[PDB]
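Read the single chain below, which is given as structure tokens and is the form deposited in one PDB entry.
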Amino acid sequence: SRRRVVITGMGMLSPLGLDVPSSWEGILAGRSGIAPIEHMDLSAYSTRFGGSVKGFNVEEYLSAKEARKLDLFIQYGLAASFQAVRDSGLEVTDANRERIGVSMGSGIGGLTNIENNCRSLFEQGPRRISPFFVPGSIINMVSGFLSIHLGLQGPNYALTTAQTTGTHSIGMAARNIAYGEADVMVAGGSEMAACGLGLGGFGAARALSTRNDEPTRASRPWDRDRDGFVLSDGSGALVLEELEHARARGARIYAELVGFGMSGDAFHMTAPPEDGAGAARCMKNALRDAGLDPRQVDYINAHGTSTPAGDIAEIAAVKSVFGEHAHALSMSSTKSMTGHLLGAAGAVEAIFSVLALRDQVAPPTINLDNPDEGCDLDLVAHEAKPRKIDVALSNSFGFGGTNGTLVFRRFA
């Protein structure tokens, strides 16, 4: 058998806001967080915009001195993590600290830091490399610094599965609790890849929208005029908790995590298969894991990256899995508003899926002006749609054909 897992705390930095309720308000109003990137000469780049975190004050979380040691992606992950633990109301003690762990991941980790230290290395040689270069850049330092700050002695690890990271981190944290390896996990992801290397890296693959004239219209999942994804920064963290542990201390429960699916496409390094066979296996695995029939799904937070092939693959996957129910569920891409937070995408979209269940509302797919061939599902074009949502799915598909699906359900 298996223990039940609920969500008792959430935290976020996104292009829409410095916390969950501000981000969520932007989502339900169809606001874009996409803008030209500031304090950075992107003249020579084919993309000059994305989703930046605006007005982040790390000194709400850390001393100036401790913040200087950490890449922005670690600062963001720590901010989301501290918020989520505060939101949960959990009291860490000598009696429970071995039962509380962390799995905060990243797709691309410390690019800003790598970039600044390459400058020093090429210009001045190795003796100007910061002593904190390695520990201040490694992807497991959100889990590390969080565990040290809060005295957490449970399972301590970090996933890196590109654009699937946040979904896998949360799913595998849920397994830790379900199988009795922990009672509480802080799980999610963080990303800050708006450096030359991030915009340049994805730019060289021609994976990014180049709609520089209209940044807010660039992210247009399933729209016939989409031209690639929008690079965004931020973090999501959830407090996952064994149900009886949550009930005993009187925790506020947002929702239950009932299902986790993984699959590999085994198809291509960066492109999904046209028929989304991989995404379909992963969703079927997630529903089987939850003991749910495809008919019980009401809302899907799609990967919905605004790439030609990715968006169409997800429509095919959903038609395949859900058959005669495919039109009855609502599916939206909040990436239409947030852009693509890469490893943090699954973390902020799990929170948006939980909030869809709390507020009984499907967030919009903004910019869906002209649905493409075969994109005839309920994609919640333009505006939020209040509706019955008992069961919400959150999908992530990433480089290497790696797939993740989370299944959340209303808790009462």
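Residue numbers here begin at 1 and follow the sequence given.
Only in words, not in the display: the form deposited with a small molecule bound, which the text now covers.
At a distance threshold of 4.5 angstroms between non-hydrogen atoms, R206 is in contact with the small molecule in the deposited bound form. Contact annotation for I253: none of its heavy atoms lies within 4.5 Å of the small molecule in the deposited bound form. Contact check for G398: a non-hydrogen atom falls within 4.5 Å of the small molecule in the deposited bound form.
Contact between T334 and the small molecule in the deposited bound form is not found at the 4.5 Å heavy atom cutoff.
Looking at the small molecule in the deposited bound form, residues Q163, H268 and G310 each place a heavy atom within 4.5 Å of it.
This chain lacks the partner; the member of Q75, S143, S330, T305 within 4.5 angstroms of the small molecule in the deposited bound form by a non-hydrogen atom is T305.
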